[PDB]
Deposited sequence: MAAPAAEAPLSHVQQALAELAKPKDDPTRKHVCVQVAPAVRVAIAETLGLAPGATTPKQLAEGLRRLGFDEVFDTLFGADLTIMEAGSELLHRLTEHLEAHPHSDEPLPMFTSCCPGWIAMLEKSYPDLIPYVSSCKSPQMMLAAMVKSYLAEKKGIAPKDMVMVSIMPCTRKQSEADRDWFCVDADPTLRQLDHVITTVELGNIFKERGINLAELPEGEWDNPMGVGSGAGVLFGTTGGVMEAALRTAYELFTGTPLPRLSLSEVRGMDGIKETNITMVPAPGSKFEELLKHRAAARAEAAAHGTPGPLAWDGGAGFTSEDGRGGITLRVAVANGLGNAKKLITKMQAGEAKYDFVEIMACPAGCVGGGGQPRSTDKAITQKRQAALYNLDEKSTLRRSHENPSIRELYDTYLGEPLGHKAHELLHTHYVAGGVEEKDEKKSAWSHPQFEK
């Protein structure tokens, strides 16, 4: 009856049982780093492939990395940000708010419904991957979507409410969910312990590529800095023709839980963006944007970015934004004070710095030194080229975008 119980019941069916479904799991990075703590070990003390092996030992037919879903979110959100910028340069409002945290989306709908048009229409990484699995991958494997079960392992006690939004379903049948069951880090750790599975003693397993062909997880080596940063990078690099380094946000004096950075953007020589800047020179009192110019006319825009952690802190930021005392163009609100590594589904620790330890072990040092870019991922390129079309296009909109409901759902 619980979602854990339903998922385990699907796995309990022998693989050759005529009523067996194709049971898929996707795993968030915050889960991978914290799951070792369920054994009393340090964050990161078990490897990603040990976790993949453990999941395969529970009976999962596919084991996916949610980072594949995040590459889709980066493609869509980066394009969406650049589109809003483009529309505003040529005279879907700015500022844009990210949409990946369901705690934020719940507060948005209930308490700030007038802000709905400013929020990204992107689904979350877990929902984009789920939508893809029950469309593209089902078709590829010749499996009816109703015979697919999608489970996510999340650090978050709110991701089931996200998955349960009614229209996240296949062909307007609300009982055919894109994402069926969410299991938290601690629930999964309990499942392993109840079965005598010790992740730390497992051999390395393998990931499956959600494209259904090829080796590995379908995500390239390296790190992005997360969906918000990589969406910014996508827009910035197209706008300027120059690389965006890893960001370092600074604390905002006088506002708890708020960090910021300003990103100066000069359009690439000969680009449409350069043309737009030169030729064409609501609830949130947006100031028409920050810009700069030089004596010879090489002008640019300055993108003002904020991240709010904690919903109380976000409410204070929104108050200041409405007052015009805080001026931002792109804002990420996450409900958890420490972000997802400190989510409500994570192990409890006496270590006041456990979330710092989780963040540090979240990706290895070799991968942290390497910046990767979602649009360079051959699996992502193939999916757009042969199935989705263009970011923000009709098919991408259908599978990967969503809407919001004033008053909540």
Missing C-alpha runs, given along the deposited sequence, first residue counted as 1: 1-9, 101-105, 296-307, 436-452
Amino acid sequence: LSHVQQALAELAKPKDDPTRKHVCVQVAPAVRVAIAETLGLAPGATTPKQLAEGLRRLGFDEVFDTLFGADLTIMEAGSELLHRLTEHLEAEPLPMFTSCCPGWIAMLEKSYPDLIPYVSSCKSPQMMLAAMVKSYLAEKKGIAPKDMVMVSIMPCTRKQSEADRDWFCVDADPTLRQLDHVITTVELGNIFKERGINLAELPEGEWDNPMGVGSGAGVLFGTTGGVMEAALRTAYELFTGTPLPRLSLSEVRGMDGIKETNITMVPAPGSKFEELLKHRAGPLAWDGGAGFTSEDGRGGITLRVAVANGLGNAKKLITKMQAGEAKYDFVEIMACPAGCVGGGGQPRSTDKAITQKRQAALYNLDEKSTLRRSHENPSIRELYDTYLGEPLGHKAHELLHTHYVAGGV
From here on, numbers count along this sequence of modelled residues.
Mean C-alpha temperature factor, higher of 302-310 and 120-128: 302-310
Comparing 82-90 with 187-195, the one whose average Cα B-factor in the PDB entry is higher: 82-90
C-alpha B-factor winner, where the candidates are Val331, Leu232, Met211, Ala290: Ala290
Identity of residue with top Cα B-factor, from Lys278, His181, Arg158, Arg165: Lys278
Third of chain Cα B-factors occupied by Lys357: highest
Position of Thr242 among the chain's modelled residues by C-alpha B-factor, lowest, middle or highest third: lowest
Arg57, C-alpha B-factor rank within chain (lowest, middle or highest third): middle
Third of the chain's Cα B-factor distribution that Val405 belongs to, per the entry: middle
Record-listed C-alpha B factor of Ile35: chain third: lowest
